[PDB]
Student: 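Please see the structure below; I have some questions.
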Amino acid sequence: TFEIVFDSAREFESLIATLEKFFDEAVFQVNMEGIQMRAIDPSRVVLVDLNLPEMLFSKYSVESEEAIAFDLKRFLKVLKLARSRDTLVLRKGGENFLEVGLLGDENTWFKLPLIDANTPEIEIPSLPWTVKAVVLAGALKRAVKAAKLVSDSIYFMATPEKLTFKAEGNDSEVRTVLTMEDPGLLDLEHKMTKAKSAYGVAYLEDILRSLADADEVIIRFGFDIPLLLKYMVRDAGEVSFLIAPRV
Amino acid sequence: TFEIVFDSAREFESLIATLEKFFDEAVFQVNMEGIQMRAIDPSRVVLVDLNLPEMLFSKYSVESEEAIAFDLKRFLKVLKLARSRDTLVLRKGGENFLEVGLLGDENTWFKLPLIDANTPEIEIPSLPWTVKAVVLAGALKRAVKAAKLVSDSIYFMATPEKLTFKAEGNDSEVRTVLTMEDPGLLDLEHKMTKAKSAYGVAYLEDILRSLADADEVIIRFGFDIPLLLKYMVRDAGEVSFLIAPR
Amino acid sequence: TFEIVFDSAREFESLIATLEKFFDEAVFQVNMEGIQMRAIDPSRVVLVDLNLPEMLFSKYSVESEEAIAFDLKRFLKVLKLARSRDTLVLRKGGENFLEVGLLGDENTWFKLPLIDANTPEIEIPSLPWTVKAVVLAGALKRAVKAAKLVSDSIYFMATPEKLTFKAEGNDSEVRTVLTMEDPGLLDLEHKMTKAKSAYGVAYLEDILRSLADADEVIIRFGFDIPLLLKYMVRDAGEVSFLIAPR
C-alpha cells in the first residue's frame, strides 16, 4: 500500500518520456526509502538505472515494499495531460491498479491495470572508464544532432584538454569540439591520453530529449566500452543510462 | 439585399470552426432582428441552435429578410485568413453570391456562391433537465480529453456538492471532479439530488475546441436525456448544442 | 582557398531555405568582390539572381577565385541546426569539400562534398515593365494565400492609385487591394498608367515563406511579363527572382 505525492507531474512526465522510448513496460521497485528501476532494452543496447529517494516527494508514504509494473505508454499518455503546476499523486491500495491523480484547478484520477512484476535481477559490471566529463545538455544535444545528419554512429573522444564528438559517413564528416574554454564543458578528467568509442546516435538523442539545455549531464567512457550518461534529479535523484558501444 | 459588419472576424471564425466540424453547409436565416440557424447533423446526434441578434453588429442593415446557404469549409477557410484586428463584412446584392470582406491593414473581398438554401423547420422539445451548471470551458475540455484516453463516451454526474466527468473503458477508468471552490465551477443547480447521463466524447471535443479556456459554458443534463451545452455571445448572442444521450 | 565569415547563420538559413524550394543544387561563384549565382530552375518558370558583395561578411579572405557547387538540402539541413547564438563560417581548401562552421557556445564543423560546377552562362533579359512597387512581404502573403483559395493563378494589377491582387475560377473570386494609405505599400513607381500579368500562386508562396511580414519586397511587373520579385540583404546584397507569367 502506498501514497506518494510529487509536486510536478510535468517534470515526472519527462522522465517517463525518456523511458518509454526504450521499454514497453517498466518495473518500479517501490521501497521505504524511495523508488528504483533497472531495466534493459530488448536489443541489449540500453540499460537504465533509476533512483528516486523519498526526500524528492512532497508526501511519501509506503507500507509494504513492493514492485509494481505497468505499461509505459499508457502511463505516459496520462502524464501528458498534466498542466503547468499540476501535482502528481501515485497511489496503490488493495486491488491491482495504480491510481494516478493530477491535481490542479480540477482533480483528475486515473486507474491503470498493473501487470506481472517478474523482473529478473540485473547485475552491473564494474567498468574501466578512462574519461569523465560534465557537459551541458544543450551541448550534447548539439553534438548528437549534428552527428545524425552525417551518420547513425557518433564518436566520443577525449584527450585531457579536449572533448570531441565526431561522425563520419560515405561523403561527409562532423567534428564538434569542447575545451575548458566553452560554457558547455564544466569539467574534464582523463585517466590517460587516448580514448575512443562509437555509440548509436538514435539511442543518445532519445536519452537527451527530455532534459533542458541547462541541465548538467555526467559522461564516462573508454575504448569499445559502454557509455554512461547520468543525470542528477533535483540534487538527490539519479538517472543513469549505459549504452553499448559499436563496430 | 443586406450589408452586415462585425467587429472581429477572428471571433466570427471560432463559431464557424465549430459549425464546420458538424456540417458541410449552413443555412443562415437573416432577419431584421438578427441571424438564426438551427439544424441537425447528418449523423443525427447533435442539434445546433444559433441566435445572433442585430445588437452584436457594428452595422446591421437588411433591405429584405433572406435565407442564404453556403459551403462551411469554404467560408471557414476564408475566415482563417483574418488578421488580429480585421473587421468582417457580409453583403448580398442582387445575385447568387455572398460578398465577404476582411477589412484591415489589407482589404480583402471574396465572392463565394450560394447553394440551394434548403433546411426544414425544427422544434426544440422542452425536456426535463434535473441538473444545471455554469463551468469554464477549460475544465470541460480537460475532462473530455482525459475521458478520451479510456473510452468513447463520458458520464456527466452531479451531487449537490460536485460535478464529476467519468469514463470506464477496457480495464481502466478516469474521474474528473469539480467542487464549488474551484475556479472551473461557477454555479451548480439541481432539482433532483443525483444526476447521471452518458455522451459522445468525439462530439464534445468538437464543440469545445474553439472556446477559450475562460469562457463560461452552461450545461443542463439529467437522467438519460440529451445534454445542452450553451454559450452566450458577447452576452447577447447564443450558441447551443443538444447532444443525444447514449 | 577562401574563408568567408557571415554574422548570422540564421539569416543565411532563410535565404538558403528559399533557393532550396527551387533548385536541388546551386553553383556559387566566389569572387574577390562577392558571391553570385544566376540560374533558371529545372521546371523553367523561375530565374534566380543573387549577389552578395564582400561587405556583407565580417571576414572575406579569398586567396583565389572559383565556382563551387553543392546540394542545397544538405546545406540547408545544416544551417537549420543554427541557433540564435551562432556565427557562420564557410571555408574552402585544396581538398574538394565545403567546410561549414557553426560557431556559438560550441563549435561545429561540417564537411560537405562539392559537386560538379556545370552551369550555363545566363543573360538577364530587358523588360518593358510599367510599375515597380515597394511593399511589405506580409501584405503579399495575404494576397497570395487569399488567391490560393480560389485558383492556381493570381493577377497582379496596378493603377497610379492602387495595387490589386485578384484571382478567379471555381465559381468564386477574390481581390486584395493595397492603397498608399495602407502600411503595406511604401512606394509606387509608374512608367505607365497600369499593369497586369498573371502568375503561379504556388511559385509566389515558395518565395515569400522565409520572408518576415515586415520585410520590404521590391516587385516590378507590366502587361503579360515576368515579375521581378526582389529583396535586399542588409541593404547591400540583393536576391531577385523572375517569374514567367501566364
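Just so it is clear, the values below take in all heavy atoms, side chains as well, and ignore hydrogens, waters and symmetry mates. Convention: sequence-line order gives letters A, B, ...; per-chain numbering from 1.
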Student: Around atom NZ of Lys191(C), are there more than 12 heavy atoms of other residues, nucleotides or ligands at under 6.0 Å?
Tutor: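 Count over threshold, so yes.
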
Student: If you measure from OG1 on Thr179(C) to CG on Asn107(B), what distance do you get to the nearest 0.5 Å?
Tutor: 8.0 Å

Student: Can you tell me how far NZ of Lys80(B) sits from NZ of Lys145(C), rounded to the nearest 0.5 angstrom?
Tutor: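 Nearest 0.5 Å value for the NZ-NZ distance: 13.5 Å.
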
Student: Take atom CZ of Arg10(C) as the centre, draw a 6.0 Å sphere, and report whether it contains more than 12 heavy atoms from other residues, nucleotides or ligands.
Tutor: no

Student: Please find the pair of heavy atoms, one from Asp171(C) and one from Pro113(B), that lie closest to each other, and give the distance.
Tutor: OD2-CG, 3.4 Å

Student: Is it the side chain or the backbone of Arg74(B) that comes within 4.5 Å of chain C heavy atoms, both, or neither?
Tutor: side chain

Student: I need the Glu106(B) CD to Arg175(C) CZ distance, nearest 0.5 Å.
Tutor: 14.5 Å

Student: For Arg85(B), does the CZ atom have more than 12 heavy-atom neighbours from other residues, nucleotides or ligands under 6.0 Å away?
Tutor: no

Student: Would you say that more than 12 heavy atoms from the other residues, nucleotides or ligands in this model lie under 6.0 Å from the CZ of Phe57(B), or not?
Tutor: yes

Student: Is the number of heavy atoms from other residues, nucleotides or ligands within 6.0 Å of NZ (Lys141(B)) greater than 12?
Tutor: yes

Student: Rounded to the nearest 0.5 Å, what separation is found between the CZ atom of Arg142(C) and the CG atom of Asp105(B)?
Tutor: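 So the gap between those two atoms works out to 9.0 Å.
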
Student: Non-hydrogen atoms of chain C under 4.5 Å away: do they reach the side chain of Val78(B), the backbone, both or neither?
Tutor: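 Contact with chain C involves both backbone and side-chain atoms of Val78(B).
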
Student: So with a 6.0 Å cut-off around NZ of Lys77(C), is the heavy-atom count from everything else above 12?
Tutor: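 No, the 6.0 Å shell around NZ holds no more than 12 heavy atoms from other groups.
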
